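One structure below.
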Ligand SMILES: *[C@@H]1O[C@H](CO)[C@@H](O[C@@H]2O[C@H](CO)[C@@H](O[C@@H]3O[C@H](CO)[C@@H](O)[C@H](O[C@H]4O[C@H](CO)[C@@H](O)[C@H](O)[C@@H]4O)[C@@H]3O)[C@H](O)[C@H]2NC(C)=O)[C@H](O)[C@H]1NC(C)=O
Ligand SMILES: *[C@@H]1O[C@@H](C)[C@@H](O)[C@@H](O[C@@H]2O[C@H](CO)[C@@H](O)[C@H](O)[C@H]2O)[C@@H]1O
Ligand SMILES: *[C@@H]1O[C@@H](C)[C@@H](O)[C@@H](O[C@@H]2O[C@H](CO)[C@@H](O)[C@H](O)[C@H]2O)[C@@H]1O
Ligand SMILES: *[C@@H]1O[C@@H](C)[C@@H](O)[C@@H](O[C@@H]2O[C@H](CO)[C@@H](O)[C@H](O)[C@H]2O)[C@@H]1O
Ligand SMILES: *[C@H]1O[C@H](CO)[C@@H](O)[C@H](O)[C@@H]1O
Ligand SMILES: *[C@H]1O[C@H](CO)[C@@H](O)[C@H](O)[C@@H]1O
Ligand SMILES: *[C@H]1O[C@H](CO)[C@@H](O)[C@H](O)[C@@H]1O
Ligand SMILES: *[C@H]1O[C@H](CO)[C@@H](O)[C@H](O)[C@@H]1O
Ligand SMILES: *[C@H]1O[C@H](CO)[C@@H](O)[C@H](O)[C@@H]1O
Ligand SMILES: *[C@H]1O[C@H](CO)[C@@H](O)[C@H](O)[C@@H]1O
């Protein structure tokens, strides 16, 4: 089966670097064990060395941002014409599952409460301002989160009185 | 404005490798008709990088296998040396695997020998260790993974001399304990050897 043949296997990245040519068979390109091959050009860059386990990848992100979660990491048996340690065919993945914990703070954002009553106008003659205030405590915000919006609103009041 | 065409599918470079595959080149350089003064250019495909095929496989250097299992710790003409103050010897083996086609051999010693005391199947006093670090979720990607930490009954090794002298030379060597003993301890939560605790893993992702 004709497969694209590369000239150098960059280890620790899994990338096929330095292209030699295409259409050559797998038995001919792997006569030099420092080469690498790639079928269909959609992935799976395999070195011409004997089948040994590759390096473990870095841990996947924690499945939840709060409390105890779980994270994965994979390892691919890279190589040709041989079996990895454990009667394992080439191309098979192996995963490891570990519980993580990103932080110990949870629902940091808070919602608004019921609005308080309207205060009277700030002046008894001419014009002034009028203000309502509410609380951010149903539920209360945790950590450095804040309630969305403004904590108070203001509008004008006309008293219809000459000073 | 000199009109440039193509020369030969040119003279071959020799195959630059004595093994496997290589890349020769000829191309077709624009040399027999050269474009001058920046007029037209050579039209077509100048690319030839050719895969030359040598029918000899290249040498591959052999790599070391993992270290084997330690042999039983005995001494010649000393019956069984278990649970005694008799120093013995033990061995371990490796395997140079993968050297073909006149490749380089493995660099290093294939056998590892150390001096030992035999503690195989000996009753000892013990003490309970603390809670170990929480293990991985087993089985991963399967039905219901669970964690595992444990307190095991660690044996108290006897205070033997840590070195031994040699007959031929005055320089001394290390002694290292080997064996699977049977530790004796008080019970914790209804077990005599090891007490563990399992907790299931939360938010298991698809693999
Ligand atoms: C038999 O086995 C023992 C181990 O059970 C082995 O002991 C080895 O001792 C050396 C030297 O003490 C250790 O090397 C050390 O490495 C650490 C860093 O990992 C350094 O910090 C140490 O430096 C300090 O200690 C020296 C004396 O101990 C001082 O001279 C120095 O100034 C520092 O204070 C030191 O370099 C080594 O880790 C152990 N363990 C091994 C090799 O597993 C002993 O050598 C063995 N005997 C034989 C004959 O093989
Ligand atoms: C990651 O960041 C956290 C701070 C939360 O905002 C997470 O949102 C959700 O919070 C609930 C708790 O009510 C958890 O069940 C989940 O972790 C998550 O769905 C966010 O994903
Ligand atoms: C409310 O009733 C009005 C009739 C005034 O008597 C007010 O007093 C006035 O307050 C403003 C500012 O608050 C001052 O500028 C005036 O000097 C003062 O007469 C009263 O508060
Ligand atoms: C031709 O004969 C072969 C038997 C080998 O001895 C070849 O040596 C090779 O040279 C290349 C450098 O280009 C190395 O990568 C190889 O490791 C080596 O086998 C020789 O050229
Ligand atoms: C993955 O597992 C460990 C890394 O923690 C090593 O033994 C090795 O790198 C393997 O690929
Ligand atoms: C996964 O675990 C941590 C990241 O959470 C690091 O020690 C490292 O990146 C490892 O791959
Ligand atoms: C203030 O505004 C009106 C009364 O003027 C009502 O909608 C309500 O009592 C609010 O507190
Ligand atoms: C045996 O010795 C150590 C492990 O004890 C490593 O250098 C390696 O795994 C070798 O096979
Ligand atoms: C021999 O040494 C110890 C057992 O005492 C282990 O690391 C292993 O079993 C090795 O083969
Ligand atoms: C472990 O077992 C008991 C605790 O239940 C004690 O006698 C002692 O700490 C031992 O190591």
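For chain B, we keep the numbers from Swiss-Prot: what you see runs 255-461, in order.
Cβ coordinates are placed from backbone N, Cα and C, and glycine is handled just like the others.
In sequence order, B:269, B:271, B:275, B:276, B:277, B:278 are the residues of the chain that are 6 or more apart from residue B:306 (disulfide bond) and have a CB within less than 8 Å of its CB. Annotation source Swiss-Prot lists disulfide bond at B:269-B:306 (among others).
Of all Cβ atoms in the shown protein chains, 14 besides its own fall within 10 Å of the Cβ of residue B:273 (disulfide bond). Secondary structure at residue B:273 (disulfide bond), taken from DSSP and collapsed to helix, strand or coil, is coil. Sequence annotations record features per position, and here Swiss-Prot assigns disulfide bond to B:273-B:312 (among others) based on experimental evidence.
For residue B:284 (disulfide bond), the number of other Cβ atoms no farther than 10 Å from its own Cβ, over all displayed protein chains, is 16. The disulfide bond feature in Swiss-Prot is assigned to B:284-B:296 (among others); the stated evidence is experimental evidence.
In the three-state DSSP scheme, residue B:370 (disulfide bond) falls into the strand class. As annotated by Swiss-Prot, disulfide bond applies to B:327-B:370 (among others), with the evidence given as experimental evidence.
Listed in sequence order, B:372, B:373, B:376 are the same-chain residues at least 6 apart in sequence whose CB falls under 8 Å from the CB of residue B:337 (disulfide bond). As annotated by Swiss-Prot, disulfide bond applies to B:337-B:376 (among others), with the evidence given as experimental evidence.
Within the same chain, residues at least 6 positions away in sequence whose Cβ sits under 8 Å from that of residue B:350 (disulfide bond) are B:316, B:317, B:318, B:319, B:359, B:360, B:364. The disulfide bond annotation in Swiss-Prot covers B:350-B:360 (among others) and is backed by experimental evidence.
What Swiss-Prot records for B:391-B:455 (among others) is disulfide bond. Mapped onto three states, the DSSP output places residue B:391 (disulfide bond) in coil. Its Cβ placed at the centre, residue B:391 (disulfide bond) has 26 other Cβ atoms within 10 Å.
The Cβ of residue B:461 (disulfide bond) lies under 8 Å from the Cβ of B:394, B:395, each of these being in the same chain and 6 or more residues away along the sequence. Secondary structure at residue B:461 (disulfide bond), as computed by DSSP, is coil. Residues or ranges marked as disulfide bond by Swiss-Prot: B:395-B:461 (among others).
Per Swiss-Prot, the feature disulfide bond maps to B:407-B:439 (among others); the stated evidence is experimental evidence. Here residue B:407 (disulfide bond) comes close to B:380, B:381, B:382, B:383, B:437, B:438, B:439, B:446, B:447, B:448: these same-chain residues lie at least six apart in sequence, with C-beta atoms under 8 angstroms from its C-beta. Residue B:407 (disulfide bond) falls within a strand when secondary structure is assigned with DSSP.
With helix defined as DSSP H, G or I and strand as E or B, the domain 'TSP type-1 4' (B:257-313) counts 0 helix, 10 strand, 47 coil. Look at Swiss-Prot and you will find B:257-313 tagged as domain 'TSP type-1 4'.
The feature domain 'TSP type-1 5' is assigned by Swiss-Prot to B:315-377.
What Swiss-Prot lists as C-linked glycosylation site is B:260 (among others). Listed in sequence order, B:282, B:284, B:286, B:287, B:296, B:298, B:300 are the same-chain residues six or more apart from residue B:260 (C-linked glycosylation site) with CB atoms under 8 A from its CB.
Cβ neighbours of residue B:263 (C-linked glycosylation site) (same chain, under 8 Å, six or more residues apart in sequence): B:280, B:282, B:302. If you look up Swiss-Prot, you'll see B:263 (among others) marked as C-linked glycosylation site.
Less than 8 angstroms from the CB of residue B:272 (O-linked glycosylation site) sit B:308, B:310, each of them six or more residues away in the same chain. Positions annotated as O-linked glycosylation site by Swiss-Prot: B:272.
Residues or ranges marked as C-linked glycosylation site in Swiss-Prot (evidence: experimental evidence): B:321 (among others). Classification of residue B:321 (C-linked glycosylation site) by DSSP places it in coil, neither helical nor stranded. Using a 10 Å Cβ-Cβ cutoff, residue B:321 (C-linked glycosylation site) registers 10 neighbours.
The number of other CB atoms found within 10 A of the CB of residue B:324 (C-linked glycosylation site), across every protein chain shown, is 16. Annotation source Swiss-Prot lists C-linked glycosylation site at B:324 (among others).
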(message) Given a separation of at least six residues and a C-beta threshold under 8 Å, show me what packs close to residue B:370 (disulfide bond) in the same chain.
(response) B:327, B:341, B:342, B:343, B:344, B:429, B:430, B:431, B:432
(request) Go through the recorded positions B:296, B:312, B:428, B:455 for me and flag any whose C-beta is under 8 angstroms from a C-beta on chain A. (result) B:312, B:455
(request) For residue B:455 (disulfide bond), identify the closest of the recorded positions B:273, B:324, B:385, B:388, B:428, judging by Cα separation. (result) B:388
(request) For residue B:324 (C-linked glycosylation site), identify the closest of the recorded positions B:273, B:385, B:388, B:391, B:428, judging by Cα separation. (result) B:428
(request) Measure from each Cβ of the recorded positions B:296, B:306, B:324, B:350, B:395, B:428 to the atoms of ligand 10 and list the residues where some distance is under 6 Å. (result) none
(message) Please identify which of B:327, B:360, B:376, B:395 has the densest Cβ environment, defined as other Cβ atoms within 10 Å, among these disulfide-bonded residues.
(response) B:327
(request) For the disulfide-bonded residues B:269, B:296, B:312, B:439, B:455, work out the Cβ neighbour count at 10 Å and name the residue with the minimum. (result) B:269
